[PDB]
């Protein structure tokens, strides 16, 4: 379920796209922020750990649960160069 990903921000930024947010539900009934694209060459790609479908819970102690999409975009844009991403990975039964 939970993993912690540490990134050094690239000159292009963190190099990933997000969807989700309150009133912008990526999955019906779910307000969470999800990773939808990892951009080639970017910080998240080079590190190799973040994946499409990952849910973002926090960036640097700023909570991403039950926020709007616009808030999430602002919280991610507005970090320093050293980034701690708390993420939840989907799990199965098997």
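Positions refer to the first chain, counted from 1.
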| property | result |
| --- | --- |
| Greater mean Cα temperature factor according to the PDB record, 34-42 or 61-69 | 61-69 |
| 49-57 set against 24-32, stretch whose average Cα temperature factor tops the other in the entry | 24-32 |
| Chain thirds of CA B-factor: placement of residue 7 | lowest |
| Residue 93 by Cα B-factor - lowest, middle or highest third of the modelled chain | highest |
